[PDB]
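Colleague: Take a look at this one; I'll ask things after.
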Protein chains: 2
Amino acid sequence: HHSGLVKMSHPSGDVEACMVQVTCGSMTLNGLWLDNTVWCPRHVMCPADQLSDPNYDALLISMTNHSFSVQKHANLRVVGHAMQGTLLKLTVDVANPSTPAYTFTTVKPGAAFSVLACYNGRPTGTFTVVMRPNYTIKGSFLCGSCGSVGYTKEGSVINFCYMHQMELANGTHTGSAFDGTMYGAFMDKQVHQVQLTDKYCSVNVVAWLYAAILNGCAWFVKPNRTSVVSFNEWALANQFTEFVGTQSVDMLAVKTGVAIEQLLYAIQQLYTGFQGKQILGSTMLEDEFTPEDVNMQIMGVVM
Amino acid sequence: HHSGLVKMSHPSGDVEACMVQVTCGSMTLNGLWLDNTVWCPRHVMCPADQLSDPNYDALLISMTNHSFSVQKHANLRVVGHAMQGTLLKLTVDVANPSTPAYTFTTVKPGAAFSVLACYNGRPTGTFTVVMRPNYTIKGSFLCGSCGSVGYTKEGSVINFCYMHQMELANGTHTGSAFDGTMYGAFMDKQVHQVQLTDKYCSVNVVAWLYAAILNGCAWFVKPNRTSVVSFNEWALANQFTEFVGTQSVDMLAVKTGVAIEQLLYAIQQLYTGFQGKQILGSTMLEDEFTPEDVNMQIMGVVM
Ligand SMILES: *[C@@H](O)[C@H](C[C@@H]1CCNC1=O)NC(=O)[C@H](CC(C)C)NC(=O)OC[C@H]1C[C@@H]1C1CCC(F)(F)CC1
Ligand SMILES: *[C@@H](O)[C@H](C[C@@H]1CCNC1=O)NC(=O)[C@H](CC(C)C)NC(=O)OC[C@H]1C[C@@H]1C1CCC(F)(F)CC1
């Protein structure tokens with residue numbers, strides 16, 4: 001009756017030890033301290049009368065090293081400063097003694113990551129989200145949360161993928177990769193911005209339907225099959241992502257004995273209606289769990 | 001369109017530094033190391049041929065101090081051992097140098113807490129759950145997760161409320177308070193056990209309907225009111241908890257200008273059907289968010 005699925009985040013201790021507070025006299029937000037570097041959103045340089053159309057190149061030239069105040073909850077003297085896209089790269093006199101093994105990587109639509117929400121450099125909560133097909137996330141962020149970071153963990157290595165920047169008109173959120181790009185077409189300017197349509201993440205729905213089978217729920221499984229190619233043509237007219245299978249999904253097909261194409265056909269039928277039935281206690285398709293989530297939490301398999 | 005509500009856990013770093021591995025030669029599970037004490041489930045003493053009907057008093061007498069192996073990922077020499085209800089209280093030679101300020105407290109149905117899931121003493125994930133009215137939680141726990149701990153945080157103080165013990169036939173979970181009692185009527189014996197009916201947590205549904213209003217969603221609000229007394233009589237015949245208002249809920253009534261009794265009436269009407277409409281993207285009543293969750297994540301208010 002219970003799927004055994006929860007929104008599961010990584011333990012956050014490693015990342016908590018990397019969070020600092022950064023201020024410029026106007027805004028206060030959070031930075032990520034690794035080795036001798038502190039990363040933070042560049043709109044820390046903005047006075048609040050210019051958040052709608054800043055000239056960041058000019059604001060940056062106007063700063064010097066002691067323009068930036070970096071504190072831990074210590075004071076970290078800034079000895080170098082630079083701008084990469086929508087992030088600042090501050091250089092500090094002290095190497096973080098608790099720097100974890102880490103990489104920077106970009107997360108793809110449908111993938112889950114863990115977020116450490118911070119205010120004034122103080123971590124206050126953790127949660128997990130999936131990158132939506134329109135490069136937003138359905139987060140929980142208030143004023144002062146910018147600089148909060150998202151990350152995945154492979155083994156002992158932390159793969160930082162997100163630095164929080166802003167909220168959109170519809171309540172969702174977006175931010176930067178650590179190459180300084182914003183996800184999607186977004187700009188770090190407090191103005192109305194076009195928003196791309198969101199879509200169902202077809203791979204994650206398939207994962208969820210497998211999770212239902214692994215919990216004894218399979219009324220929706222019929223011998224009928226939709227091929228991947230046919231499903232993807234259907235997908236395009238129904239605001240579903242195109243499906244791309246993975247080894248993680250294949251393992252789920254092996255364990256249950258149910259082929260991907262059976263579940264692609266089931267999504268097509270379920271999209272038009274659950275006929276009053278429930279799947280894992282839901283009457284709507286669920287796309288916030290990944291194949292890796294289902295393999296890990298139900299089957300006991302990382303990879 | 002997006003509620004700004006996520007399942008939000010506490011940052012887990014403080015508790016990660018307290019987790020150890022405990023073994024007796026049969027089972028390996030997790031313990032919680034605070035000052036000179038290590039807490040762990042008592043069925044670490046069981047050989048796997050006796051998990052269905054152990055004699056814990058006799059197993060305990062049969063143990064000595066070096067029967068228990070406690071390791072951190074160190075070795076902590078056990079110098080004392082005792083049993084409190086369904087937990088063991090091991091005394092070790094070394095005080096945990098990172099013991100947080102803490103209390104032990106019991107969590108009540110409807111209240112949310114954070115869980116650190118651990119295997120072999122290694123923290124592997126964090127998530128948050130509400131204690132169901134039948135004293136289970138809808139967790140994510142596999143073999144070797146016993147000893148994983150649940151906790152709330154008031155200020156800097158960690159209020160430990162849960163040590164994981166077992167899974168039930170229906171996929172939900174339960175465990176001990178740190179006074180050694182199991183929640184509800186449950187026993188730490190691997191046998192079939194009666195399960196109490198679960199119910200909607202009426203206070204948390206009200207919280208959720210307030211969260212909808214705070215996000216511009218209020219079609220369900222009518223001038224009609226159901227008094228608390230009348231709602232609670234209704235509650236008893238419909239598998240809802242009886243409603244008990246709090247200051248947290250009152251603040252939500254103040255902010256929105258919508259009285260509790262309007263929402264009690266709305267639950268009664270919504271219970272019988274959403275008439276095809278959605279609330280915060282859901283066609284079912286939602287009871288996994290507390291008034292404190294809505295105050296914190298949407299309104300910015302702790303208390
Ligand atoms: C961190 O500094 C801060 C986090 C935001 C604040 C509230 N929730 C969050 O996630 N970031 C900002 O305040 C940024 C700063 C810019 C220079 C990038 N701005 C916003 O997030 O603005 C809030 C948008 C929802 C407001 C609004 C924007 C104009 C509009 F389009 F017309 C209507 C929507
Ligand atoms: C930690 O040691 C372990 C965590 C469990 C394992 C799987 N998921 C979890 O949360 N705890 C146990 O294995 C306990 C040990 C007892 C001495 C308390 N036992 C169980 O959790 O048993 C699993 C129950 C689901 C099994 C079953 C029980 C008999 C039944 F009722 F007939 C049918 C249901």
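Following the order of the structure tokens, first chain is A, next is B, and so on, with residues numbered from 1 inside each chain and ligands from 1 in the order they appear.
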Please find the residues contacting ligand 2 at a distance of at most 10 Å between atoms, with only C-alpha atoms and all ligand atoms counted, and report them as a ChimeraX atom specification.
Modeller: /A:4,298 /B:27-30,41-48,50-54,86,119,139-148,164-175,186-194
Colleague: Can you tell me, as a list in words, what residues are no more than 7 Å from segment 243-256 of chain B when counting only C-alpha atoms, ignoring any on the same chain fewer than 3 positions away?
Modeller: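 Counting only the stated atoms, we get residues 202, 203, 207, 210, 213, 214, 228, 232, 259, 260, 291 and 292 of chain B.
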Colleague: May I have the selected residues written with N, CA, C and O atoms, as a JSON list (two decimals), in the first residue's frame?
Modeller:
[["chain", "number", "residue", "atom", "x", "y", "z"],
["B", 202, "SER", "N", -6.52, 16.40, 10.31],
["B", 202, "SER", "CA", -7.37, 17.52, 9.95],
["B", 202, "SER", "C", -6.63, 18.86, 10.07],
["B", 202, "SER", "O", -6.81, 19.76, 9.24],
["B", 203, "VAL", "N", -5.78, 19.00, 11.09],
["B", 203, "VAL", "CA", -5.05, 20.25, 11.26],
["B", 203, "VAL", "C", -4.14, 20.51, 10.06],
["B", 203, "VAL", "O", -3.99, 21.66, 9.61],
["B", 207, "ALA", "N", -4.02, 23.50, 7.25],
["B", 207, "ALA", "CA", -2.79, 24.20, 6.90],
["B", 207, "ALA", "C", -2.62, 24.29, 5.39],
["B", 207, "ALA", "O", -2.31, 25.35, 4.84],
["B", 210, "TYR", "N", -4.94, 26.69, 3.76],
["B", 210, "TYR", "CA", -4.41, 28.04, 3.93],
["B", 210, "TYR", "C", -3.29, 28.32, 2.94],
["B", 210, "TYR", "O", -3.22, 29.41, 2.35],
["B", 213, "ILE", "N", -4.69, 29.40, -0.27],
["B", 213, "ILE", "CA", -5.15, 30.79, -0.26],
["B", 213, "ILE", "C", -3.97, 31.74, -0.38],
["B", 213, "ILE", "O", -4.00, 32.71, -1.16],
["B", 214, "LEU", "N", -2.91, 31.49, 0.41],
["B", 214, "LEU", "CA", -1.70, 32.30, 0.34],
["B", 214, "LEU", "C", -1.05, 32.28, -1.04],
["B", 214, "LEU", "O", -0.18, 33.11, -1.31],
["B", 228, "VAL", "N", -15.90, 24.01, 15.25],
["B", 228, "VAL", "CA", -14.95, 22.96, 15.62],
["B", 228, "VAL", "C", -15.68, 21.77, 16.21],
["B", 228, "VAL", "O", -15.40, 20.62, 15.85],
["B", 232, "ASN", "N", -15.73, 18.07, 14.61],
["B", 232, "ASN", "CA", -15.12, 16.94, 15.29],
["B", 232, "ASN", "C", -16.10, 15.78, 15.43],
["B", 232, "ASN", "O", -15.68, 14.62, 15.34],
["B", 259, "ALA", "N", -11.41, 32.30, 8.17],
["B", 259, "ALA", "CA", -11.53, 31.68, 9.49],
["B", 259, "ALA", "C", -11.42, 30.17, 9.38],
["B", 259, "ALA", "O", -11.76, 29.56, 8.36],
["B", 260, "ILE", "N", -10.91, 29.56, 10.46],
["B", 260, "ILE", "CA", -10.77, 28.11, 10.52],
["B", 260, "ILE", "C", -12.07, 27.43, 10.16],
["B", 260, "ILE", "O", -12.10, 26.45, 9.40],
["B", 291, "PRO", "N", 0.94, 23.26, 9.85],
["B", 291, "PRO", "CA", 0.83, 24.72, 9.94],
["B", 291, "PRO", "C", 2.18, 25.39, 10.06],
["B", 291, "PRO", "O", 2.43, 26.43, 9.44],
["B", 292, "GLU", "N", 3.09, 24.78, 10.83],
["B", 292, "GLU", "CA", 4.44, 25.33, 10.96],
["B", 292, "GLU", "C", 5.19, 25.30, 9.62],
["B", 292, "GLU", "O", 5.98, 26.21, 9.34]]
Colleague: Show which residues sit within 9 Å of residue 18 of chain A, as an NGL selection string. Count only C-alpha atoms, and ignore same-chain residues fewer than 3 positions away.
Modeller: :A and (14-15 or 31-34 or 72 or 96 or 98-100)
Colleague: Take the residues just selected and output them with C-alpha atoms as an mmCIF file, in the first residue's frame.
Modeller:
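The resulting file, selection14.cif, is shown below:
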data_model
loop_
_atom_site.group_PDB
_atom_site.id
_atom_site.type_symbol
_atom_site.label_atom_id
_atom_site.label_comp_id
_atom_site.auth_asym_id
_atom_site.auth_seq_id
_atom_site.Cartn_x
_atom_site.Cartn_y
_atom_site.Cartn_z
ATOM 1 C CA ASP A 14 29.711 18.197 3.754
ATOM 2 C CA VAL A 15 28.084 21.194 2.055
ATOM 3 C CA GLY A 31 28.429 32.006 -1.023
ATOM 4 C CA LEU A 32 30.079 28.592 -1.536
ATOM 5 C CA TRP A 33 33.613 28.404 -0.131
ATOM 6 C CA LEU A 34 35.864 25.745 -1.691
ATOM 7 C CA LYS A 72 31.322 32.308 8.241
ATOM 8 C CA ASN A 96 38.395 26.025 3.472
ATOM 9 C CA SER A 98 36.700 21.117 5.082
ATOM 10 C CA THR A 99 36.600 21.331 1.298
ATOM 11 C CA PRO A 100 35.024 18.079 0.062
#
Colleague: Which residue is closest to ligand 1? Choose from B:58, B:299, B:94, B:163 and count only C-alpha atoms and all ligand atoms.
Modeller: B:299
Colleague: Rank nothing, just name the residue among A:63, A:137, A:6, A:90 nearest to ligand 1, using only C-alpha atoms and all ligand atoms.
Modeller: A:137
Colleague: Using only C-alpha atoms, select each residue of chain B with any atom at most 7 Å away from an atom of chain A, and give the selection as a short mmCIF file (atom, residue, chain, number, x, y, z; two decimals) with N, CA, C and O atoms, in the first residue's frame.
Modeller:
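The result, stored in result.cif:
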data_model
loop_
_atom_site.label_atom_id
_atom_site.label_comp_id
_atom_site.auth_asym_id
_atom_site.auth_seq_id
_atom_site.Cartn_x
_atom_site.Cartn_y
_atom_site.Cartn_z
N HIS B 1 0.97 29.57 -9.21
CA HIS B 1 0.76 28.18 -9.74
C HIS B 1 1.55 27.17 -8.91
O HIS B 1 1.08 26.06 -8.69
N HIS B 2 2.75 27.54 -8.46
CA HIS B 2 3.54 26.69 -7.58
C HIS B 2 3.42 27.17 -6.14
O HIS B 2 3.65 28.35 -5.85
N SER B 3 3.10 26.23 -5.25
CA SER B 3 2.81 26.56 -3.86
C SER B 3 4.02 27.10 -3.12
O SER B 3 3.86 27.72 -2.07
N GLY B 4 5.22 26.82 -3.61
CA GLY B 4 6.39 27.07 -2.80
C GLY B 4 6.54 26.13 -1.62
O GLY B 4 7.31 26.43 -0.70
N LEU B 5 5.83 25.00 -1.61
CA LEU B 5 5.95 23.98 -0.57
C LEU B 5 6.74 22.78 -1.07
O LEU B 5 6.41 22.19 -2.09
N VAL B 6 7.78 22.42 -0.32
CA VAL B 6 8.53 21.19 -0.53
C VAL B 6 8.62 20.44 0.79
O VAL B 6 8.46 21.02 1.87
N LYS B 7 8.89 19.14 0.71
CA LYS B 7 9.24 18.39 1.91
C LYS B 7 10.63 18.85 2.34
O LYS B 7 11.62 18.59 1.67
N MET B 8 10.68 19.55 3.46
CA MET B 8 11.88 20.25 3.89
C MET B 8 12.40 19.57 5.14
O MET B 8 11.67 19.47 6.14
N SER B 9 13.65 19.15 5.10
CA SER B 9 14.27 18.55 6.27
C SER B 9 15.26 19.53 6.88
O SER B 9 15.65 20.53 6.28
N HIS B 10 15.60 19.25 8.13
CA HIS B 10 16.67 19.99 8.76
C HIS B 10 18.01 19.63 8.11
O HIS B 10 18.20 18.50 7.64
N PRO B 11 18.93 20.57 8.06
CA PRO B 11 20.31 20.21 7.74
C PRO B 11 20.76 19.12 8.71
O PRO B 11 20.55 19.22 9.91
N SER B 12 21.41 18.10 8.17
CA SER B 12 21.67 16.87 8.90
C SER B 12 23.08 16.76 9.47
O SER B 12 23.38 15.77 10.16
N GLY B 13 23.94 17.77 9.24
CA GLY B 13 25.34 17.66 9.63
C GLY B 13 25.53 17.34 11.11
O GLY B 13 26.35 16.50 11.48
N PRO B 123 25.68 7.61 7.03
CA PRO B 123 24.46 8.30 6.59
C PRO B 123 24.37 8.30 5.07
O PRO B 123 25.34 8.57 4.37
N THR B 124 23.18 7.98 4.57
CA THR B 124 22.99 7.84 3.13
C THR B 124 21.88 8.71 2.57
O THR B 124 21.87 8.94 1.36
N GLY B 125 20.95 9.20 3.38
CA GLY B 125 19.94 10.10 2.86
C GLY B 125 19.15 10.72 3.98
O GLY B 125 19.09 10.19 5.10
N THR B 126 18.53 11.86 3.67
CA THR B 126 17.65 12.51 4.63
C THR B 126 16.31 12.81 3.97
O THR B 126 16.21 13.06 2.77
N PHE B 127 15.27 12.75 4.80
CA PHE B 127 13.91 13.01 4.36
C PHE B 127 13.09 13.38 5.59
O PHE B 127 13.56 13.30 6.72
N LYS B 138 5.47 6.95 6.70
CA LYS B 138 5.64 6.54 5.31
C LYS B 138 7.08 6.88 4.91
O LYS B 138 7.37 7.89 4.27
N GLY B 139 8.00 6.01 5.33
CA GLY B 139 9.41 6.25 5.18
C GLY B 139 10.01 5.52 3.99
O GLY B 139 9.32 4.98 3.12
N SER B 140 11.34 5.50 3.97
CA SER B 140 12.11 4.77 2.97
C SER B 140 13.25 4.11 3.74
O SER B 140 14.25 4.76 4.06
N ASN B 170 2.17 -3.44 5.32
CA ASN B 170 1.65 -2.51 4.33
C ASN B 170 2.70 -1.52 3.83
O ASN B 170 2.34 -0.56 3.14
N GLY B 171 3.97 -1.73 4.16
CA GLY B 171 5.04 -0.92 3.63
C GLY B 171 5.40 0.30 4.47
O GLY B 171 6.45 0.91 4.21
N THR B 172 4.60 0.64 5.47
CA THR B 172 4.93 1.75 6.35
C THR B 172 5.89 1.28 7.45
O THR B 172 6.23 0.10 7.55
N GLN B 297 7.73 28.21 5.29
CA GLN B 297 8.21 28.19 3.90
C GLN B 297 7.55 29.25 3.03
O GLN B 297 8.15 29.68 2.04
#
Colleague: Find the spatial neighbours of residue 269 of chain A, counting only C-alpha atoms, within a cut-off of 12 Å - ignore same-chain residues fewer than 3 positions away - and output them as number ranges by chain.
Modeller: A: 220-222, 224-226, 231, 234, 262-266, 272-275, 285
Colleague: Quick check, in Å to one decimal: how far apart do atom CA of residue 70 of chain A and atom CA of residue 21 of chain A lie?
Modeller: 5.5 Å
Colleague: Among segment 47-267 of chain B, which ones does DSSP place in strand (DSSP E or B), written as a PyMOL selection string?
Modeller: chain B and resi 69-71+75-76+78-84+87-92+102-104+112-119+122-130+137+149-154+157-167+173-176+182+200+240
Colleague: As a list in words, please: all residues of segment 58-186 of chain B that backbone DSSP puts in alpha helix (DSSP H).
Modeller: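 Selection result, alpha helix (DSSP H) within segment 58-186 of chain B: residues 58, 59, 60, 61 and 62 of chain B.
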Colleague: Could you name the residues that touch residue 109 of chain A at 7 Å or less, counting only C-alpha atoms, but leaving out those on the same chain fewer than 2 positions away, as a PyMOL selection string?
Modeller: chain A and resi 107+111+131-133+135
